[PDB]
Amino acid sequence: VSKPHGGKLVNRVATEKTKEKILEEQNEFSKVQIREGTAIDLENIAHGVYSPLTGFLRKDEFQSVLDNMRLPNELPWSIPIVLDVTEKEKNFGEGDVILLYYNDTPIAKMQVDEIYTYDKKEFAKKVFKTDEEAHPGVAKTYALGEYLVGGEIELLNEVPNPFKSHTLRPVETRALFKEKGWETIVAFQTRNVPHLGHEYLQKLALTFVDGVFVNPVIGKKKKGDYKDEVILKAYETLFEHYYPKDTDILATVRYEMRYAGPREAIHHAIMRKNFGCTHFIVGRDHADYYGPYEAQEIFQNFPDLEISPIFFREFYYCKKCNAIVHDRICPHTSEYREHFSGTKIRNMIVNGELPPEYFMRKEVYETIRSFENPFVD
Amino acid sequence: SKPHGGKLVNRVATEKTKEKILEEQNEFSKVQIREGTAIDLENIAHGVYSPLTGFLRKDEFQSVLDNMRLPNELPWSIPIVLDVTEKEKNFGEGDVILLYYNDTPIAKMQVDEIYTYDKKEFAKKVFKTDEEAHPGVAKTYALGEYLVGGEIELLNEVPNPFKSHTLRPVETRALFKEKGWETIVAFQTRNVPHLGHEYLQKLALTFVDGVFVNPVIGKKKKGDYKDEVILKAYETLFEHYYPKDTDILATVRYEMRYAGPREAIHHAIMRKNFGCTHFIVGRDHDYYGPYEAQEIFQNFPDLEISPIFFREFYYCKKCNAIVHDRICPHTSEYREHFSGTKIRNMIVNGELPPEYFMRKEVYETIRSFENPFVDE
Ligand SMILES: [Ca+2]
Ligand SMILES: [Ca+2]
Ligand SMILES: [Ca+2]
Ligand SMILES: [Zn+2]
Ligand SMILES: [Zn+2]
């Protein structure tokens, strides 16, 4: 079985009685405006996706994840979940109860345990292994406010979720896995439609794992990216036409990527552990500044993670062997070899090209096409 | 990587020894042997049957029957014996005799003992049945009433059209070492490669250094591939689809007994002597179960060659790949199971095998032969 990171699955969803009280006096508490990513962090805290966390890191915890990728008690935790405010936005003090607003929506109530300062260069360097402003995460770290705020939270509202019905929470996914008699579950994280390489990895894992938990991540989109609804419906087509039934589950999680590379891959595994997964597929270049095998290399420092990473050797499609192969068993030259790249396959479709069937399933392509505009913007 | 019994046997007579024995064949009694026995003689003499240096005596014959092991407990499952009738027994114990295939002296033999046997016990213990319809049972009954044990010395081989491909254990071992191979997996066959065969061999290559493909030359039936077709088809396959220094091809001559699981052990022993560390055991290796050939290896933990059993696989015409039921949901019409007999029948009937059954270049190589098949 998979135990929740830290021992118990966290739940911070405020009770209807607690929600009514706080919202009856919104204007008496200090209101702090948060970004959407922080609003998503809050729902991940409240539904146990971030177990054991019950709020935003305090100073001791924050410095510990920076220096060691572990909490003070040595439990693995690699991605700082913090709340920042500028001098002018700090309309509260330690010991105060504050309300975090996304736009005009009260997202959560927070008990301010501690207000502290930090070194943005140290923050940037230890998390992303670089302090170059060109790095997106470094830039977002420098834009942070001067003060971080720690303390336990309680969720009052979620950001509107067009895909609520797919957004199963850890308590539901765990009950579902057991519902299906799965003892081992392998997680596959993605932000793209499935191509044949992704199907190969998932079915490879099925030969020593009971089921696959495909977990599309809902986050900020870039122009040219597949619409989440396209990704969802594409996978539903893939399973119906190519997967045995009761061998896969599709559920979505919301999460704003930090692009901290190998340090973020550990965070990804922790999230999937809490969803109930015992294994986690780690692809190359997970989360320009990080090497392809860096995200696999870091797991050697966490033998106490209690979620088994799965590393796959390099494979490609050969147009002479007519099969997914690897260099050991294929003598064919570069023209015959087709390496899988979701980005290149995505660019074919944007450019009016048909992906060959060794890149994408016929029915998957026709589902993507069934959309007037599959991509954002 | 060590020969069964400890050391590689060699019973090939030196040319000075051979000549002196052939200068006056007059002195020795002549005994006419069947071709299959002549094949057994060259397998003895080139170490394919190590530790055996000749035909088994009584104590060894009975032990193989009862325990599938020699008196010293070394695994040996197939008796290698020489049979003569009362009329053919123009010799006694202690005599030196000459074994002849037609007018060719195949070997010189020192007779240790002449003993009798129970043909029904023989047939039953080896083949698990005494049904005369069983080919091996009938050939056991046609054996002469006397078996003859003793060490042999080979003087000639029956003509071999495939001599150049019939590398002996001492040269295969030197070749495995020359290619830096530490582990070697044997794949025995009597058919052309289809994509299932290639799948298995390349699967093994992911955890062994190289593959030793070993076509077995024996009696043919009407409709069988000619052995030169099989060989040329494999050299076409390797050249077009295998990396260099991952495959070796060599032939061994051997007449099947059809003893099922008991012969699979004997097959693995032969490949051990050739230098292999692993041995692929195909299903149904008539009267025996498909997994029995795999079940028997449990009783031989000391065999020192590792059997390799593979899970069921087939080609799916919707997945467009070799898969297995665990990962494929599609119904029977999309599933193509690999049968060497079905694929061979197609070619005999003038049909083109789909490329998911047989490589394009392999089929073209088979086509290059005007009469690829054996005719009665
Ligand atoms: Ca700042
Ligand atoms: Ca005697
Ligand atoms: Ca008889
Ligand atoms: Zn190839
Ligand atoms: Zn299929």
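Here the Cβ positions follow ideal geometry from the backbone for every residue, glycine too, while neighbour counts run over all protein chains shown. Each answer follows from the model by the rule given with it, or from the source it names; no laboratory instrument gave them.
With respect to being touching a helix residue (DSSP H, G or I) at 6+ places or on another chain (Cβ under 7 Å) and closer than 24 Å to A:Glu43 by Cα, A:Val193 falls outside the description. On the stretch given as segment A:228-261, residues that are of a type in the set (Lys, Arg) and within 14 Å of chain B (Cβ to nearest Cβ) total 1. Among the residues of segment A:348-359, those that are more than 8 Å from chain B (Cβ to nearest Cβ) and part of a loop (DSSP other than H, G, I, E, B) comprise A:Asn351, A:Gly352, A:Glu353, A:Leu354, A:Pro355, A:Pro356, A:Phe359. One residue is enough: does segment A:271-281 have a residue meeting the conditions within 16 Å of ligand 5 (Cβ to nearest atom) and either farther than 21 Å from A:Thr130 by Cβ or not in a helix (DSSP H, G or I) (or both)? No: segment A:271-281 contains no residue that is within 16 Å of ligand 5 (Cβ to nearest atom) and either farther than 21 Å from A:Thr130 by Cβ or not in a helix (DSSP H, G or I) (or both). Kindly indicate whether any position in segment A:55-62 is out of contact with any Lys or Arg (no Cβ under 9 Å at 6 or more places or on another chain) and farther than 24 Å from A:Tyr259 by Cα. For segment A:55-62, residues out of contact with any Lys or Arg (no Cβ under 9 Å at 6 or more places or on another chain) and farther than 24 Å from A:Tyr259 by Cα: absent. In segment B:340-356, the residues that are farther than 15 Å from B:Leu195 by Cα form Cβ pairs under 9 Å with partners that are in a helix (DSSP H, G or I), at six or more places apart or across chains, as follows: B:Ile347/B:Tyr363; B:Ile347/B:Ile366; B:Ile347/B:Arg367; B:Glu351/B:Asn345. Considering only segment A:1-90, give the helices (runs of 4 or more DSSP H) lying wholly within it that have at least 1 residues that are exposed (fewer than 15 other Cβ atoms within 10 Å of the Cβ). In segment A:1-90, the matching helices (runs of 4 or more DSSP H) lie at A:16-24, A:59-68. Within the span defined as segment B:242-260, every residue fails to be assigned to a helix (DSSP H, G or I) and either touching a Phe, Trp or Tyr at 6+ places or on another chain (Cβ under 8 Å) or of a type in the set (D, E, K, R) (or both). In segment B:327-338, the residues that are of a type in the set (D, E, K, R) form Cβ pairs under 7 Å with partners that are within 7 Å of ligand 5 (Cβ to nearest atom), at six or more places apart or across chains, as follows: B:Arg335/B:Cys316.
A Cβ distance below 9 Å, combined with a sequence gap of six or more or placement on separate chains, defines the contacts here; from segment A:220-236, residues that are on the phi > 0 side of the Ramachandran plot reach residues that are surrounded by fewer than 18 Cβ atoms within 10 Å (Cβ to Cβ) and hydrophobic (A, V, I, L, M, F, W, C) in the pairs A:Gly224/A:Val350; A:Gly224/A:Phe375; A:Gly224/A:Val376. Scanning segment A:334-347 for residues that are more than 12 Å from every other protein chain (Cβ to nearest Cβ) and in a loop (DSSP other than H, G, I, E, B) returns A:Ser334, A:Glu335, A:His339, A:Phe340, A:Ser341. Sort through B:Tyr314, B:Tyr258, B:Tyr291, B:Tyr254 and tell me the only one that's within 23 Å of B:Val126 (Cα to Cα) and touching a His at 6+ places or on another chain (Cβ under 8 Å). Every option except B:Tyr258 fails the conditions. Is it fair to say B:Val211 is surrounded by 21 or more Cβ atoms within 10 Å (Cβ to Cβ), assigned by CATH to the domain that holds B:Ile322 and aliphatic (A, V, I, L, M)? The answer is yes for B:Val211.
Taking the condition crowded, with 23+ Cβ neighbours inside 10 Å and either among the polar types (S, T, N, Q) or within 14 Å of another protein chain (Cβ to nearest Cβ) (or both), does A:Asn301 pass? The answer is no for A:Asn301. Among the candidates A:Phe371, A:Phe312, which residue alone is surrounded by 14 or more Cβ atoms within 10 Å (Cβ to Cβ) and away from chain B (no Cβ under 14 Å)? None of the other options fit; the residue is A:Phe371. Within the option set B:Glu351, B:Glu355, B:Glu295, being within 22 Å of B:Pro261 (Cα to Cα), away from ligand 5 (no atom under 16 Å from the Cβ) and among the charged types (D, E, K, R) holds for one residue only, B:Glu295. For segment B:185-227, taking the residues that are farther than 25 Å from B:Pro372 by Cβ and within 17 Å of the chain's Cα centre (by Cα), the one that is farthest from the other protein chains (Cβ to nearest Cβ) is identified as B:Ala186. Might you let me know whether segment B:317-336 holds any residue that is surrounded by fewer than 18 Cβ atoms within 10 Å (Cβ to Cβ), within 19 Å of B:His285 (Cβ to Cβ) and more than 8 Å from ligand 5 (Cβ to nearest atom)? No; the residues of segment B:317-336 include none that is surrounded by fewer than 18 Cβ atoms within 10 Å (Cβ to Cβ), within 19 Å of B:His285 (Cβ to Cβ) and more than 8 Å from ligand 5 (Cβ to nearest atom). Being within 14 Å of chain A (Cβ to nearest Cβ) and part of a helix (DSSP H, G or I) is a property that B:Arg326 has. Scoring A:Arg284 on the criteria (1) farther than 16 Å from A:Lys129 by Cβ; (2) in a helix (DSSP H, G or I); (3) among the charged types (D, E, K, R) leaves a single failure, condition (2). Scanning segment B:252-285 for residues that are among the charged types (D, E, K, R) and farther than 28 Å from B:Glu228 by Cβ yields a single hit, B:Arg262. Of everything in segment B:139-172 that is within 16 Å of ligand 2 (Cβ to nearest atom) and of a type in the set (D, E, K, R), the residue that is surrounded by the fewest Cβ atoms within 10 Å (Cβ to Cβ) is B:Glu145. When each of A:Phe315, A:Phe311 is tested for being among the aromatic types (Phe, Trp, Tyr), touching a helix residue (DSSP H, G or I) at 6+ places or on another chain (Cβ under 6 Å), more than 16 Å from ligand 1 (Cβ to nearest atom) and in the same structural domain as A:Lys233 (by CATH), the lone residue that passes is A:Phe311.
Only one entry in A:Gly137, A:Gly145, A:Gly150 is outside the structural domain of A:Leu206 (by CATH), under 23 Å from the mean Cα position of the chain (by Cα) and either outside any helix (DSSP H, G or I) or acidic (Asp, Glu) (or both), namely A:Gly150. Within segment A:350-377, the set of residues being touching a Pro at 6+ places or on another chain (Cβ under 9 Å) and under 16 Å from A:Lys222 (Cα atoms) comprises A:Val350 only.
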